[PDB]
Amino acid sequence: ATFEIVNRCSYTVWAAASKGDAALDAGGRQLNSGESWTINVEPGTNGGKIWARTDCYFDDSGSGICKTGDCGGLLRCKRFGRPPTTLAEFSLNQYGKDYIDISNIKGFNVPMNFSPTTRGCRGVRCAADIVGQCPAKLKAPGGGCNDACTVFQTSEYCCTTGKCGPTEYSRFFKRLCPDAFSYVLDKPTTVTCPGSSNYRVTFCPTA
């Protein structure tokens, strides 16, 4: 119900929180190095995601653009962010439980730790330097490292028929970040927590 979004990176980022068809709390906010943003997420939200955006520019009305994770050019996101985007995923109060995970299925742009601040479970993280190690063909000019489905648009990478296996590209993300989904059908890396737990999403955790 309460998430703290901390930016431990030495660079500014524009946090974002959405569930695809609506914002979570204010949906987005500028987050300078060291600043923390506290938001409230309604119990039961399904398919919620938190992520960071880099190199953004917003006018007074709140309209603009970012190089990674841009959401329809809005400061306060309603829709999901545009790849590459390391994703903090969660579905709350699902059958008495809470479910969280980190995903690289949509690429990686910023290192991240996702941990409960209440008891009953553990957190997950993906802090390796994926952007610096990013394969030549996946590097995104705007910054970040694209997932292979975003770059090649193939049934295999996008797991279109719900029938797909790991790939050299998915193995890259998996190699650097074991505890994060590297592709749609990756062995679940989801964590189960008590219903209504509180959480903290830290960007650049080992920074």
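For the sequence shown, position 113 matches number 113 in the authors' numbering, and the numbering has no gaps at all.
Even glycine gets a Cβ: it sits at the ideal position worked out from N, Cα and C.
Strand pairing of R200, partner residues [DSSP]: For this step, residue 200 is matched to residue 200 along the sequence shown. Note: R200 sits in a beta bridge opposite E4 and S115.
Are the Cβ atoms of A1 and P84 separated by less than 7 Å? Indexing the sequence shown from 1 puts residue 1 at position 1. Indexing the sequence shown from 1 puts residue 84 at position 84. No, these two residues do not count as a Cβ contact at 7 Å.
Measure how close the beta-carbons of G107 and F114 come, nearest whole angstrom, since I'm counting them as under 8 Å. Position 107 of the sequence shown, counting from 1, holds the residue named residue 107. Position 114 of the sequence shown, counting from 1, holds the residue named residue 114. With a beta-carbon spacing of about 17 Å, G107 and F114 fall beyond the 8 Å limit used to define contacts.
Segment contact, 8 Å Cβ cut-off, at least three pairs: the segment 41 to 49 with the segment 63 to 75: The answer is no - the segment 63 to 75 does not touch the segment 41 to 49, with fewer than three Cβ pairs under 8 Å.
Would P111 be called buried (16 or more neighbouring beta carbons within 10 Å of its own) or exposed? Working through the sequence shown from its first residue, we reach residue 111 at position 111. Within 10 angstroms of the beta-carbon of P111 lie 16 or more other beta-carbons, which makes it buried.
Considering only the alpha carbon of each residue, which of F58, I130, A15 and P43 lies closest to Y99? Indexing the sequence shown from 1 puts residue 99 at position 99. Comparing Cα-Cα distances from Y99 to each of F58, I130, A15 and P43, the minimum goes to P43.
Is the distance from the Cβ of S10 to the Cβ of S36 below 7 Å? What you label residue 10 is simply residue 10 of the sequence shown in a count that begins at 1. What you label residue 36 is simply residue 36 of the sequence shown in a count that begins at 1. Going by C-beta atoms, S10 is not nearer than 7 Å to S36.
Quick one: what does DSSP say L138 is sitting in, helix, strand or coil? Numbered from its first residue, the sequence shown carries residue 138 at position 138. Three-state DSSP puts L138 in coil, outside helix and strand.
With a threshold of 16 other CB atoms inside 10 Å of the CB of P205, please say whether the residue is buried or exposed. In the sequence shown, residue 205 corresponds to position 205, counting from 1. With 16 or more other Cβ atoms within 10 Å, it is buried.
Beta-ladder partner(s) of residue 217, from DSSP: This structure leaves residue 217 out entirely; the chain is present only between 1 and 207.
Pick out whichever of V151, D147, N7 and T154 has its Cα sitting closest to the Cα of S182. Taking the first residue of the sequence shown as 1, we reach residue 182 at position 182. Of the listed residues, the one whose Cα sits closest to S182 is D147.
Does the separation of the CB atoms of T68 and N40 fall below 7 Å? In the sequence shown, counting from the first residue as 1, residue 68 sits at position 68. In the sequence shown, counting from the first residue as 1, residue 40 sits at position 40. Contact annotation: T68 and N40 have beta-carbon atoms that are not nearer than 7 Å.
When we look at the beta-carbon of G132 and count the other beta-carbons within 10 Å, is it buried (16 or more) or exposed? Sequence index remark: in the sequence shown, residue 132 carries index 132 (1-based). Per the 10 Å Cβ criterion, exposed.
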